[PDB]
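Q: Before I ask anything, here is the structure I am working with.
Since every read-out is calculated from the coordinates, none of them should be taken as a lab result. FYI the Cβ positions are ideal-geometry reconstructions off the backbone, even for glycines, and counts take in every protein chain you see.
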Ligand code: CLA
Ligand code: CLA
Ligand code: CLA
Ligand SMILES: CC(C)=CCC/C(C)=C/CC/C(C)=C/CC/C(C)=C/CC/C(C)=C/CC/C(C)=C/CC/C(C)=C/CC/C(C)=C/CC/C(C)=C/CC1=CC(=O)C(C)=C(C)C1=O
Ligand SMILES: CC1=C(/C=C/C(C)=C/C=C/C(C)=C/C=C/C=C(C)/C=C/C=C(C)/C=C/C2=C(C)CCCC2(C)C)C(C)(C)CCC1
Ligand SMILES: CC1=C(/C=C/C(C)=C/C=C/C(C)=C/C=C/C=C(C)/C=C/C=C(C)/C=C/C2=C(C)CCCC2(C)C)C(C)(C)CCC1
Ligand SMILES: CC1=C(/C=C/C(C)=C/C=C/C(C)=C/C=C/C=C(C)/C=C/C=C(C)/C=C/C2=C(C)CCCC2(C)C)C(C)(C)CCC1
Ligand SMILES: [Ca+2]
Ligand SMILES: [Fe+2]
């Protein structure tokens, strides 16, 4: 059905005026609730280094990598 | 020896140029 | 129906707004320098 | 000795000669430096 | 062609949909990011 | 200077050989009757 | 038979042609594009390069990117369920699993797409020169994002997916491989640069050599979507260039084949050059030059000059660009000119 | 007529002259092999397998001949370095001899098949016109291959009726030709286990013999014969090339990463061994062991075999080098003469310092010295204006153990720095730069070249496949299209 | 025998077939619903 | 044409030219080994890449024992 017709159908907007902002507010909350940070192990502004340390948590060996990463989170990093 | 080789090729490209512009196959219609 | 030229100028400003929010975010966010 | 019937003649027009030579010469101008290294 | 019917859940709908919903789920997050202070 | 000894012959044959190729063809084409 | 019915359905002429190829193309092509867009905004490169790399951290469209895996990973495929991530998703993300994901997926996606061209070509009954052409971009992707790092220590030295993250790939190659001095890279550019010329030049030659088929000024409408006569004076074009440049086309069939050739050949060459940079078999120096520079301190060419620029690039970058090497270059060891 | 780039299409369906052609090619490839051999034999120096082995002399063909048995010369010497050995007829000379002849014969054969191109065997009884039943051919050939594949693994590699293959320890110090027993277990899929190369050829050989028969009997399902335009030789090509470049990308990978098939004592070290300090660890391990058994530092290091120390030199890393840095590795740093010995750097306080090694990536690298904990203790400054660690200010000294310089110590800054400047490349050696008139700029090993060449050819062949394949599925639309809308 | 990485291989070899499955399932089905 | 000793002896082997099996012949059976090969490669690949470790198989210079 010719896009033109659909993007003009009041039915369309009646549906998407609900759907679009829906998706938006969802993603917004995804970030604003701090959930995204945990889904992607991404550091929060206060989690790059431990208070004193100025070294980087560089993963140094493949196989025991996951294990090594976990320990990096340990030093309150 | 190298200089000569560089200039020679250059001189050869310019020669080509000449022949290409002035000795092409006249472009015939229909 | 909803006149096309309006669907556009509305969806249009709508983008200049979001893309503009991004430009503001550049002097305030984390991508700041302050 | 039957004249083999699978042969055709070969051709290279003047323009192709030129396009050819232009390529050979310039490649030579491009690689000679590395050959003499 | 046809007494001009057309189905609601078409085919291209999908194509333009898997590139739709997500596009917004992001442009909705990405905006909310601008408010993250240091 | 301190260049490669084979550089000269490498460049010479690199130009001659294929040029000689094309030329052999062009002339044999060029001389085909009618 | 279901097969021919499965076929029937696929090869059905829709808005977005699917086809057999699509069964490979779309799954991948979408995953590649998706993974990028995901990492660009959500995943970080801290545990990997000690770098913030996503919108969520503060990066903008230029500084964001899906960074390569650690150097520890080596050439590991880094599968979500492999020895590294171990089925875990978040860890996978932090170990740069998203790179081999985008890489490998997009890779198949380029196979699928070329196949598509091949499949659609066949159906529509046209020659496959659109597929031959696309071999060029495959070669680039294959040699650069796969063959290259496969020759190095690991995926870590492959170009990371991102805008800026690619500029450092460029600067690196200058600094370490002195890539600009490579015969193959040169051919590369001669083709891309020369290809973007044919493009522009041919376009203009056509638009300003058009016949009048309308009474309007905006001559766009004056075009016969249904063939017939040539829409522009091929005969006039020939005479123009033949008098301003000295040389000029006169066989649209060749003029157009040439346009396929130039840029596809260029990219092929630029690829070979890189396939060689994998083994580090670079075109770094000219020995005769170095020898004279050693014995004679007053000999200076724009070449020697460059090599010094490289030394600086390597010395000042290596530290934060190769973290796994725990480099420590005392201030006194850092090459620098006067004052600066 | 025919464009220059099509002249060979004159064979697309002249099975006779196609064989005449393919015969000439084989002749040239065999011919090349024979004579590339003689070229190496006329320039290869057997005087020293320890520090000047074939892979330092830009040998490319000589290694592939040792990997399968030929390890001697009719002149008396041998790859392993033994004397009095009798290689018999199959010496490098022999192999080279053989190919040159096989080439002459294939030549004559190519001539005969060219003149007698119209043998009936190529004409189909039915249509009475030229034709080759590909599907059956493939079956036949595939049968012979597996039959030969089998034999190669069954009799050659196993020693039953043959020499064996090159086998060496984990640090290329013992290598030689030895009979290898099969291996069907799982570890036989490990690239570094010779047993796998045997099992493979026996199993794959058999599977190859079976599969051949199948194809000699069962015919191609109509559906396919149609899809894959069989009975059109220009498609046999599109598929073969796809296989040939697949084979290629693989040999290029096993050459670069290493395998029981590309042994270091024949192709040279790996860029990866230097990366992981492979040989550096094997040395230490050994040195610390000797110290345990109460040896002296002199004695410990002196125990370290020259060959072993040599692999721990960045100048044998295939990753160093350049595209136009031609020749053997010897035109670079020079013919290796002897191991100067292990260099230990210390500073006034007696503290032992360590030289940061050169990563393959860097053409030039700085001299930096750190202690065990990695603290920078000394270095060679650029701007002296404010240097805190100059070898001078630190009293850096250098001592050697085992080798030419064994037992000696050097304390005059310049000499210390000279060696420090060398430590960067790993074990310090003594080169003869005169002979070959070397320039002192690193060149890559055969391992490196073979890898570059095959990775390119492969990637180039991909394009051939895509081209010929397309030209097979679109033969009809070739030359152009036509009508309708 | 059957080491952790061997189990993972199956998990991926199985998780893979499934995807091919549901895909060809869905496809073979909808294909046979109009043409 | 030109028959010859060897030529006749080999005459059979090359004659069944266009001879094809009917329909989808052996296709399905073929599509299985094909899938088997595909999995076989992925294994030996993943073994070389140390993604699939197997005690007993040590993918390094050693193992030579
Ligand atoms: C296929 C792989 C192959 C490989 C890996 C090698 C490798 C090697 N050879 Mg052999 N060789 C080969 C094939 C091969 N050779 C063949 C077929 C012959 C007979 C013709 C020889 C004859 C030969 C001799 C006589 C010698 C060697 C030597 C050497 C070593 C030289 C070291 C060096 O610096 O290389 C240098 C490498 C290059 C210059 C490659 C660069 C190619 C570039 C310049 C051009 C591509 C051109 C094209 C026009 C580009 C664009 C085209 C456009 C249309 C797109 C090296 C180990 C030397 C040796 O053994 O010393 C001890 C030596 O003396 N080789
Ligand atoms: C492996 C076997 C193989 C075979 C049998 C063929 C055979 C053929 N190809 Mg083909 N091709 C291949 C691989 C192969 N190709 C690869 C890997 C590529 C990718 C680069 C191509 C790309 C290609 C194109 C683009 C075209 C062909 C065409 C043709 C036909 C050309 C007629 C001819 O001989 O020109 C005669 C050739 C010359 C006079 C000069 C060639 C000079 C240079 C390239 C080489 C000099 C030799 C070199 C030093 C030797 C080492 C080679 C190395 C691979 C070992 C012919 C049927 C043409 C065709 O089918 O048109 C309708 C065509 O347009 N091929
Ligand atoms: C349509 C084509 C398609 C293709 C080609 C791929 C390909 C790939 N995906 Mg992918 N994917 C797809 C669709 C596709 N995907 C879809 C729709 C989704 C969303 C659900 C995903 C979600 C996804 C994720 C989340 C991941 C991948 C990953 C991968 C890679 C995994 C490597 C692997 O082990 O392969 C799997 C290979 C097989 C299953 C082999 C098939 C064998 C068949 C022929 C026969 C089976 C027979 C029998 C049952 C065997 C028993 C034998 C007996 C002796 C035991 C690989 C490149 C991983 C990755 O990117 O890592 C970096 C990853 O983490 N994909
Ligand atoms: C002794 C001394 C002084 C020595 C040297 C001096 C010196 C500095 C020399 C520098 C030169 C040098 C060394 C250069 C290095 C670069 C080089 C040689 C690389 C070579 C290898 C290479 C790039 C190979 C392959 C890559 C490739 C295909 C490149 C193509 C480049 C190329 C030809 C681009 C086209 C440029 C161009 C002007 C096209 C014009 C086309 C045509 C005339 C348009 C007219 C026209 C348009 C129409 O639309 C229509 C309709 C018609 C009808 C028509 O006619
Ligand atoms: C989608 C689209 C689009 C879009 C568009 C848009 C979106 C637009 C918008 C627009 C707009 C949105 C506009 C606006 C305008 C405005 C104006 C023009 C204004 C003016 C004003 C004034 C003048 C004022 C005044 C004043 C005031 C208010 C106060 C103070 C004082 C004074 C008095 C000054 C287009 C079409 C391209 C096409 C395609 C599609
Ligand atoms: C990863 C992954 C996954 C999933 C996911 C996905 C698939 C996603 C997607 C996503 C997406 C798909 C997203 C998107 C986004 C987007 C955005 C965010 C956008 C933006 C935009 C903008 C901002 C724009 C702008 C503009 C332009 C460019 C131009 C001019 C104009 C304007 C201004 C309008 C899975 C699980 C499978 C697996 C693993 C991996
Ligand atoms: C008949 C006869 C005889 C004799 C024979 C002979 C003596 C032969 C020979 C033969 C030979 C003696 C051969 C040789 C060959 C060679 C070749 C075939 C080569 C090739 C090469 C190439 C192809 C190259 C290339 C290249 C270059 C140059 C550079 C750059 C790169 C490349 C790699 C591309 C006798 C008396 C026994 C008796 C009976 C009969
Ligand atoms: Ca705060
Ligand atoms: Fe055009």
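Q: For the range G:108-246, count all C-alpha to C-alpha pairs, find those more than 19 Å apart, and express that count as a whole percent of the total. Present the calculation step by step, with values, prior to reporting the outcome.
A: Details: 6859 of 9591 pairs.
Above the 19 Å cut-off, the range G:108-246 has 72 percent of its Cα pairs.
Q: Based on the Kirkwood radius over alpha-carbon pairs, what value in µm²/s does the Stokes-Einstein equation return for the translational diffusion coefficient of the range H:366-422 at 20 °C and 1.002 mPa s?
A: 177 µm²/s
Q: Find the percent of Cα-Cα distances in the range G:91-184 that exceed 16 Å, and round it to a whole number.
A: Value for the range G:91-184: 66 percent of Cα pairs lie more than 16 Å apart.
Q: When the Kirkwood radius is taken over all Cα pairs of the range H:355-485, what Stokes-Einstein diffusion coefficient follows at 20 °C and 1.002 mPa s, in µm²/s?
A: Details: Rh = 20.4 Å.
Rounded, D is 105 µm²/s.
Q: Oh, and also: Quantify how strongly other chains surround peptide B:17-27 by giving the mean number of their Cβ atoms within 10 Å of each of its Cβ atoms.
A: Averaged over the peptide's residues, the number is 4.
Q: Something else: Based on the mean of other Cβ atoms within 10 Å per residue, sort peptides G:62-73, G:107-118 so the most packed one is first.
A: On the way: G:62-73: 23.5, G:107-118: 19.4.
Highest-to-lowest ranking by the protection proxy: G:62-73, G:107-118.
Q: At q = 0.12, 0.23, 0.26 Å⁻¹, what is the base-10 log of I(q)/I(0) for the range G:181-240 according to the Debye formula with one equal point scatterer per Cα and no solvent? Please give it to two decimals.
A: Log-scaled intensity ratios, in q order: -0.46, -0.95, -1.08.
Q: Rounded to the nearest 500, what is chain G's calculated 222 nm mean residue ellipticity when only DSSP H runs of at least 4 contribute -39500 (n - 2.57) each, over all residues?
A: Computed mean residue ellipticity for chain G: -17500 deg cm²/dmol.
Q: Take the alpha carbon atoms of the range H:48-62, find their center, do the same for chain I, and report the distance between the two centers in whole angstrom.
A: 51 Å
Q: On C-alpha positions alone, give me the angle between the axis of helix H:233-257 and the longest principal axis of chain H, in degrees, nearest 10.
A: Between the helix axis and the principal axis of chain H, the angle is about 10 degrees.
Q: Where does the range H:133-215 land on the Kirkwood hydrodynamic radius, alpha-carbon pairs, in angstrom?
A: Radius from the Kirkwood sum: 13.6 Å.
Q: Roughly how many whole Å is it from the C-alpha centroid of the range G:1-79 to that of the range H:281-302?
A: A separation of 53 Å, based on Cα centres.
Q: Still on this structure, please answer the following. Considering only the range H:344-468, what is the antiparallel percent among its DSSP beta bridges, to the nearest 5?
A: 90 percent
Q: Counting only C-alpha contacts under 8 Å and six or more residues apart, can you give the relative contact order of chain H as a whole percent?
A: Numbers: 801 pairs, mean separation 78.2, N = 485.
Relative contact order for chain H comes out at 16 percent.
Q: In Å and whole numbers, how far do the C-alpha atoms of chain G stretch along each principal axis, longest first?
A: Answer, in whole Å and largest first: 75, 67, 36 Å.
Q: Okay, helix-only estimate at 222 nm for chain H: each DSSP H run of n ≥ 4 adds -39500 (n - 2.57), divide by all residues, round to 500 deg cm²/dmol; what do you get?
A: Working: 15 runs with 209 residues, N = 485.
Computed ellipticity for chain H at 222 nm equals -14000 deg cm²/dmol.
Q: Using alpha-carbon pairs under 8 Å, 6+ residues apart, how would you state the relative contact order of chain A in percent?
A: This gives 19 percent for chain A.
Q: Then there's this: When DSSP beta bridges are limited to those with both residues in chain H, what percentage is antiparallel, rounded to the nearest 5?
A: 95 percent
Q: Turning to a different aspect of this structure: Over the whole of G:92-104, what's the average partner chain Cβ count within 10 Å per residue? Rounded to a whole number, please.
A: That average works out to 2.
Q: Which angle from 0 to 90°, rounded to the nearest 10, does the C-alpha axis of helix G:19-41 make with the longest principal axis of chain G?
A: So the inclination is approximately 40 degrees.
Q: State, in angstrom, two size descriptors of the range H:192-243 derived from its alpha carbons: Rg to one decimal place and Dmax to the nearest whole number.
A: Just the Cα atoms of the range H:192-243 yield Rg and Dmax of 15.4, 44 Å.
Q: Can I ask one more? How well do other chains shield peptide A:41-50, expressed as the mean number of their Cβ atoms within 10 Å of each residue Cβ?
A: Per residue, the average neighbour count from other chains is 5.
Q: Quick one: length gained pulling residue G:129 to residue G:168 fully straight, 0.36 nm per residue minus the C-alpha distance?
A: So the extension gain works out to 10.6 nm.
Q: What are the semi-axes of the equivalent ellipsoid of the protein assembly as shown, taken as the square roots of 5 times the eigenvalues of the Cα gyration tensor, listed largest first and rounded to whole Å?
A: Values: eigenvalues 489, 403, 248 Å².
Gyration-tensor ellipsoid for the protein assembly as shown: 49, 45, 35 Å.
Q: Which of the peptides H:215-223, G:247-255 is most tightly packed, and how do the rest follow, going by the mean number of other Cβ atoms within 10 Å of each residue?
A: Numbers: H:215-223: 17.2, G:247-255: 14.2.
By packing density, highest mean first, the sequence is H:215-223, G:247-255.
Q: How big is the Kirkwood radius of the range H:143-291, worked out from every pair of different alpha carbons and given in Å to one decimal?
A: Taking the inverse mean of 1/r over all distinct Cα pairs, the range H:143-291 comes out at 18.5 Å.
Q: Going by Cα centres, the range A:2-41 and chain B are how many Å apart?
A: So the two Cα centres are separated by 65 Å.
Q: Please report, to one decimal in angstroms, the Kirkwood hydrodynamic radius of the range H:258-417 built from all distinct Cα-Cα pairs. Before the final figure, lay out each step's value.
A: Numbers: mean 1/r = 0.0566 Å⁻¹.
After inverting the pairwise mean of 1/r, the radius is 17.7 Å.
Q: Have a look at the DSSP beta bridges in the protein assembly as shown and tell me what percent are antiparallel, nearest 5.
A: So the antiparallel bridges amount to about 90 percent of the total.
Q: For chain J, what log10 I(q)/I(0) values come out of the Debye formula at q = 0.12, 0.13, 0.21 1/Å, with one point per alpha carbon and no solvent?
A: Once normalised to I(0) and log-transformed, intensities are -0.66, -0.68, -0.95.
Q: Okay, moving on. Report, in cubic angstrom per residue, the convex hull volume of the C-alpha atoms of the range A:1-70.
A: 170 Å³
Q: Shifting gears a bit: What number do you get for chain H when its Cα radius of gyration is normalised by 2.2 N^0.38 Å, N = residues?
A: So the Cα radius of gyration is 1.25 times the expected 2.2 N^0.38 Å.
Q: Still on this structure, I have one more. Using Cα atoms only, what is the angle between the long axis of helix H:92-115 and the major principal axis of chain H, expressed in degrees (0 to 90) to the nearest 10?
A: 20 degrees
Q: Could the peptides G:44-55, A:51-62 be put in order, highest first, of the mean number of other beta-carbon atoms found within 10 Å of their residues?
A: G:44-55, A:51-62
Q: What number, rounded to the nearest 500 deg cm²/dmol, is the helix-based mean residue ellipticity at 222 nm of chain J, given -39500 (n - 2.57) per DSSP H run of at least four residues and division by all its residues?
A: Dividing the helical sum by the residues of chain J leaves -14000 deg cm²/dmol.
Q: Something else about it: Based on Cα coordinates alone, diagonalise the gyration tensor for the range H:54-163, multiply each eigenvalue by 5, take square roots, and list the semi-axes in whole Å, largest first.
A: 40, 19, 12
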